[PDB]
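Going by the order they are written in, the chains are A, B, C, D, E, F, G and H; count residues from 1 in each one.
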Amino acid sequence: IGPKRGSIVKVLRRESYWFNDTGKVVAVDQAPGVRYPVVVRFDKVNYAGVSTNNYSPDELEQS
Amino acid sequence: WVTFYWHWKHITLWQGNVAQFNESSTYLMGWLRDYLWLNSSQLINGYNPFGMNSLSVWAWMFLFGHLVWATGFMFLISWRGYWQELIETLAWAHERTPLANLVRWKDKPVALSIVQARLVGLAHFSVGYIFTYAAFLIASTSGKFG
Amino acid sequence: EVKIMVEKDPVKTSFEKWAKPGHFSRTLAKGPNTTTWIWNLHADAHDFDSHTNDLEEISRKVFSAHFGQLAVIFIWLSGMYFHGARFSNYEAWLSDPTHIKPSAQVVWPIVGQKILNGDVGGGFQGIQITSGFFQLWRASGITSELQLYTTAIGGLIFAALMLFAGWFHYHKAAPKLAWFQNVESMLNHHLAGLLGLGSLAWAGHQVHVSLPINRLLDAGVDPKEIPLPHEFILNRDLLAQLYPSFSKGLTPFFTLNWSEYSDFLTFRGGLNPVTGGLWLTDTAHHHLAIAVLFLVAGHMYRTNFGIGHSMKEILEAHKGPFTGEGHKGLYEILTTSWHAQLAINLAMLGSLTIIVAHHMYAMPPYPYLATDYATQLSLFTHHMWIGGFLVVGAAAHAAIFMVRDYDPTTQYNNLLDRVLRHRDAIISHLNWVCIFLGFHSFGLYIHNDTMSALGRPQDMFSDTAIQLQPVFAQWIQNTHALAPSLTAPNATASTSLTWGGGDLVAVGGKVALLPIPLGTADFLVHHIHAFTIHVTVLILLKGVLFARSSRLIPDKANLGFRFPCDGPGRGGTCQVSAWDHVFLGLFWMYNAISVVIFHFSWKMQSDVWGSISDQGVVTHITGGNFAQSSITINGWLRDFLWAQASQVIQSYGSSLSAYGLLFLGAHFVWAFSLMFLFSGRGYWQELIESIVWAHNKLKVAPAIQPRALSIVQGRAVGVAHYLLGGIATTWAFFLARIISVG
Amino acid sequence: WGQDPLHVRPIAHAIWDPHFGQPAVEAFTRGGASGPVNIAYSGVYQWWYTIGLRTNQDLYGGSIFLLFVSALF
Amino acid sequence: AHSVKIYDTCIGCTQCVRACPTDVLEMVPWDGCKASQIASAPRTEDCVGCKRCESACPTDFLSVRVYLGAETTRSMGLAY
Amino acid sequence: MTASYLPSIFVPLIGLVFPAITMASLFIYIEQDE
Amino acid sequence: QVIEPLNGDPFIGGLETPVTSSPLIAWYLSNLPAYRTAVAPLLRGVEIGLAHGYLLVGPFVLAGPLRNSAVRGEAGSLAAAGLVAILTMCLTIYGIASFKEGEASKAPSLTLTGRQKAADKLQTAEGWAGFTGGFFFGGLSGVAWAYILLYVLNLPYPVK
Amino acid sequence: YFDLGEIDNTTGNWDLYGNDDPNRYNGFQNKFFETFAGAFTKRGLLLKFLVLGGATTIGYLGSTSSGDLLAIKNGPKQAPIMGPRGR
């Protein structure tokens, strides 16, 4: 599943720090039952200092 | 700022010399010296070692404002957990003092909570702010009418 | 076992570590990602314990940082001697100092600031200095500005030597950990080599240079015709005409005929009536005695020659039945922790600076120091602020020792473990005595304000109302005035003039010193002082004692020193940290030291400083109003904060108008502090998010993400502006008022 | 104050303070009063004069009427 | 007392439990992540409310969330 | 002043007695276990 | 060697210091009317009232507002008796709030040793009831006897 | 130090300064105090007459006081001080 590994996606999740921000997909989990399989890496950190977050494919579009 | 401008534009109008405001309101040392210092001449001399005037209640209410406003700083600068550990030591001291340990509390003594601390410091700041200016404004116009 | 352990070239002298800013910390070595990285870059710049876990490299960093500090102080002294040499009227002031003000700073005539070059006297224009360098150079025997220029270039040479030694003891030959752990040798060479030989060398200067030049300056001799300092050493008959005891020529020193040195080594006491400053025969006997006493005390500890003391053997033999295994491991505290030694040294240096402030208004060591009131007020005020800052930093590094260097395994059942074991009792009884002092001093002030407001002057605490005379101070001042007659025979006069031995010293028509009265007002303000010092001790000692843990947070030592809080839990854990107790003790140091210097300024402008006319009448600056107005807050606001501020606000259009500008800008920095102190991070973070949105709209977003300042950083910025603005307010008001009326 | 509104200070209410000394009683007695009184800086005299109230009985009747109005509320 | 809620964005990184100073959080099995575990708050009556778990949660936005509600002697952190 | 003695009565009750009525009755009320 | 934990227990928040468990101090504190656990609480409340009643005439006759008149005995004693009547109501509302009618005693029954003693009756709704009346009668008589010995008999003292 | 047979001795429920002496007075002193302080026992009764008796005793000497006893009943004894602008 997922759009593609190594692709550029835009986050549609409202409560994330990287909403409407360009991110790079580093891992998509193909195991069933995982709610947020797509792991997206960002060039900028959030207030917690991390750049790695998991999103569903419904919360991302290819840009 | 609004009522400083009102009271100094009018306190120079009422005794005639509007040129004092026209020359001195453009810079803040005129505001400090010709308004905050000059009009406070008979304010803080409301009571002296020599005697007390009719503005003495307005001289106490001015100092009273400088207490309460500054007391608000105690709630607006110092925050909760210092006072919580302080009241923890106070609770130990009351629970171990002979003749005073017999007296209990039903409410556990805690520090003021964080929203409550901001509200108490804000209300003290506001009470001191309204009493320092109510006193100065009602003592620097009613003692020097004009 | 004490010997030199160094090793050669630890780190290569390279600029590649200058280019990477956060090289010292592992978190900052990855580069910036937010704007808080810049603030943690400066916050962790000097924190050498957070860089490495090796105490050897930490101690080398501290040693070369000491050398860099010494280089900065020698650059500063080079500047102040170069300003005396080129930009001062020191020869003009030295011709006659009772009419010409000390000035050593010339401004450039650019934007209207040339009015700040005021008429200080002697055909000179410049900023009137209050640092006391002119009286210090008069006490040093400096006659010409060529000597000031030579001392400036010599200090520049020593500043280059400290920079070279800071490079040398980090990059060429840096000492190892056991070299710094030889504390017995360090105390032996600081007591004997530094404070003993330093006092002996300054005693030799005050025998050969300060004493004859300052004796000729008391005779009215012009400093251009006074012989140069080496002429007293060379022509010893010229030195013998001022003191006949020099005609014997060092033979009474080795034959123990020291009383034949009674011409130039005296125990006089008091002030020179010509100048108003202490005698240099007493200051030379003082330095010779503290040198023959610090050199004796420097031969106490055991280095490697057999004789001496192991101080672990001193400590471990000091154990008592109320403590048990006390004083044991404190040597391991004070040789493996830099912060514990920093706490003790900072407490002694701050308390010592407070000793310096009191022992300089009261026993003025320099000629025409007392009668130049600007110098006395500025020197007392400066040393009180430095002393208060250093004792708050003493409690700071005490708390950092607890959170980062206190090992509980090595400290069982000693003094420190038991002090931690009853810290609730210490903080609670300190809390009681602070509240008791607060009522019994400030509520006494409130009572005086209330009955003075209610028209009851007899219901007050005055010298005419219910009296509260300080009978212990009034007895210790009589004990120090009636001392020379029986308890201290060999004294010509008394230690200070402020004791009660008469001697109304008039220098230049201005009062140097006289008997200082102590009444109800002094009792009230000394109880204010004891109260404020006790409350500062309460916040600071609470932060030291509850740095490890509390009843609230039992794992507070894992959270560190500069952490904001645990969170909104347990009712709210805001400012639980030991850092936040240093942060609040900085405010209580402001309160304590500001009331100390306010009591100082009003007490000596009302009861000491003034003028003497004919037939022995003394008119003070604010005549006799300390005994009646300094018992109420309305008098403090009125006859001190309003009457004496009538020269800082109408100084505009004159040479003292920069004091008016910095008075107002100091009010600005104080009200700017109240922005950081009263607010919090999350509001400013969301406001910065709106500003970042406006930057994203116009494509001017920085990659270094704009962040609000941290909660520890916001409190630090607020207390820095609070201390800077309030201290600069008092600096501007003091240095305008006492220059204007002095 | 209705006879001479230019040279009479408007009195708010009397003061009964047990903490006054004799200077405070003698200094707060203003406006030709029999004791220590507070001078009204609320502009209620100017208001009640302009609106039509002249005597103390009219103000007392207004106070009873607004006691009745507050009781009704 | 305090209500601690775990959301389905959790990755099972366990550091919310490791940061907990009053043993509120525990890791139960789950099927919605690679670690196959989610946090839960059974002893939420023992929660002081310190939000150390929210400080240690790397998920944006947070998976553990503490809501400060009614406060009792557990959540006030008193010893007297 | 019409009646000078009602200053001497109501200011002690509303200044001393009425807070001693109100604060003691509230402290009973706020510490009722119910 | 001198400092012990409280009854041998190091984890109770106290210590057996010389200011706490001296031969002289623990004799004193055990005879003071507040720590008599078997005396009826009206009788020992009269001694807590006589004491505090007496001592409070002093700061009210020598420091009060009417201290410079011939009415300084009458003004300060009724001021001292006024603080008795306020603290009686403070003692009244404390026993209403803390103790409920029909409850047990909120008191430690066990002594310093392991022996079991009877419950202290002062921390009850009826024990603090008789304690409050003991403070009222003892306090008003402690003020009046200190007023009698100072401004009726007028005994010679350096300050009065 | 935990026992599970005496829960009060292992938690800090200690009469640290208490005494178990039954009596130390005599019967003549004890019967005098309980007779006089017998109408002051009940908390609800004592709170009633202290409020009602306390309100009367401050209104009595507030009103029967003289000029020398209290300055607020003395009144002005000099000419009034005229303010500025003829007010």
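One rule holds in what follows: contacts are C-beta pairs under 8 Å (C-beta built on N, C-alpha and C of every residue); 3 or more make two chains touch, one makes a residue touch a chain.
Two chain pairs, B-E and B-G, are weighed by contacting C-beta pairs, with B-G ahead. Most remote from subunit D, judged by the distance between CA-atom centroids, is A. Between the CA-based centres of subunit A and subunit E the separation comes to 24 Å, rounded to the whole angstrom. Centres computed as Cα averages put subunit A at a distance of 57 Å from subunit C. Averaged C-alpha coordinates put the centre of subunit F at 27 Å from the centre of subunit G. Between subunit B and subunit H, the centres computed from C-alpha atoms are 34 Å apart.
Within subunit H, contacts with two or more other chains are made by residues 16-17, 47, 51, 54, 62, 72, 81, 83, 85, 87. Shared interface positions of subunit E, defined as residues touching 2 or more other chains, are 55, 76, 78-79.
Contact with two or more other chains is made by residues 51-54, 56-57, 88, 92, 95, 98, 106, 110, 142 of subunit B. Partner subunit F is touched in their complex by these residues of subunit D: 14, 16-17, 33-35.
On the side of subunit B, the complex with subunit G involves touching residues 92, 95-96, 98-99, 102-104, 106.
Partner subunit F is touched in their complex by these residues of subunit H: 47, 51, 54-55, 58-59, 62-63, 65, 72-73. If you check the complex, the residues on subunit B that touch subunit C are 28-29, 32-33, 37, 40, 44-49, 51-52, 56-57, 59-60, 63, 66, 73, 76-82, 84-86, 88-90, 92-93, 110-111, 113-114, 117, 121.
Taken in their complex, subunit C has these residues touching subunit E: 551-552, 555, 566-571, 573.
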